[PDB]
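One chain follows as structure tokens, the form deposited without nicotinamide-adenine-dinucleotide (NAD).
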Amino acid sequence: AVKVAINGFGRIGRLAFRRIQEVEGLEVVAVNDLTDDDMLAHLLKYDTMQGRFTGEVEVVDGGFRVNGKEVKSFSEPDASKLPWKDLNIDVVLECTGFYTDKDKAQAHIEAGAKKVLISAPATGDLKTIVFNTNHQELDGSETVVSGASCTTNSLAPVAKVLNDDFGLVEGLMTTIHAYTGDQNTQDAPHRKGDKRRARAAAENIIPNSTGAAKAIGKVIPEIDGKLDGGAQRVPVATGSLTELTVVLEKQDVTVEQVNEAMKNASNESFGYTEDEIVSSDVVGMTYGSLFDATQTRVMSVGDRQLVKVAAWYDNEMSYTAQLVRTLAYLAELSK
């Protein structure tokens, strides 16, 4: 199988582990995190929004016993000193937050893994990849790859259809977003100075910033610069919705043409629904974006149109499943 190591056992790594149990041909052989394995198991066994774990987890000496396999654990802050050489590590899923610079992620490579996928936006001379949107830009010469953001993966396939079948001029975004753990529980000083994230996370509508629309050009170059936008974090623990309002070059555009162009590009990454769903219905899904045709909208005043669309995504598992897809493809580029 493809031998995967996870660096960081946060929400993302733990869900990537769960997800990989569902994907044949991938095995997590190693998990590196500073937390004690007792607590790590407990956060793996139990999950507030993603549910109980499917199977049995137990802490054994040197790691965990999970569904009858061995996962070796490490508590090692210098990733260059992890034994990726002798574990024959194919891909590292980098989920710590301390390694989003390519020059800094080359430690996994020096520790002898063959390829690293950063589970965040990343800086340096690397490629940023949204699976099924532009992974066909990977030629296998890459050793460090960005997995983009959770919001980019909800956006990109919607923007690519908009732009491809209608010209894209410009557009703006709002992701009504689930609150995350970098928001405070009660009103208190926030570690990065953010006055809005400083506020009780489950009691408020909280504006905040998002890099995803501004960065999209890294995934779809031909629309680089043409998008920007924000977020509003609201009290659901996971589950998100990206609204996009655009101006298109093609004139006289219908709701029905938009919806039809999205449906035509459905696949495993990009879903499509016409059902009247809410956020909790997408918790745990494995689509990267679930285009919602109940919300397509065309405002027309003379020759001039504003077009608005919305796509769902579990900012946890939607992004995890796209990571695992890209993770595997990186491996398969080794022949």
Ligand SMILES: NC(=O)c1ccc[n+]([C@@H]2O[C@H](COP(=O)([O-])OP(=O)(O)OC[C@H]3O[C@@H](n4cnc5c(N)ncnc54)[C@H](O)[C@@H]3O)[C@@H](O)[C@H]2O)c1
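From 1 onward, residues are counted along the sequence shown. Think of the rigid core as the biggest set of C-alphas that the two forms share within 1.5 Å after superposition.
This next part talks about the form deposited with nicotinamide-adenine-dinucleotide (NAD) bound, which is not shown.
This chain is displayed without nicotinamide-adenine-dinucleotide (NAD), yet in the deposited complex the stretch 113-121 from 157-165, 113-121, 248-256, 198-206 comes within 4.5 Å of it by heavy atoms.
Interface residue among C150, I216, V92, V130, judged by heavy atoms within 4.5 Å of nicotinamide-adenine-dinucleotide (NAD) in the deposited complex: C150. Only one of the listed residues (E260, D224, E170, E76) places a non-hydrogen atom within 4.5 angstroms of nicotinamide-adenine-dinucleotide (NAD) in the deposited complex, and that residue is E76. In the deposited complex, nicotinamide-adenine-dinucleotide (NAD) lies farther than 4.5 Å from every heavy atom of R18. Mapping the unseen interface onto this chain, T326 falls outside it, with no heavy atom inside 4.5 Å of nicotinamide-adenine-dinucleotide (NAD) in the deposited complex.
At least one heavy atom of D33 is located within 4.5 Å of nicotinamide-adenine-dinucleotide (NAD) in the deposited complex. Taking non-hydrogen atoms only, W312 never approaches nicotinamide-adenine-dinucleotide (NAD) to within 4.5 angstroms in the deposited complex.
Aligning the rigid core between this form and the one not shown and inspecting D228, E249, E110, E203, the C-alpha positions shift by 2 Å or more at one residue, which is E110.
In this overlay on the rigid core, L87 has a C-alpha that sits 2 Å or more away from its partner position between this form and the one not shown. In this overlay on the rigid core, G217 has a C-alpha that sits less than 2 Å away from its partner position between this form and the one not shown. Taking 2 Å as the criterion, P77 counts as shifted between this form and the one not shown: its C-alpha moves by at least this amount when the rigid core is aligned.
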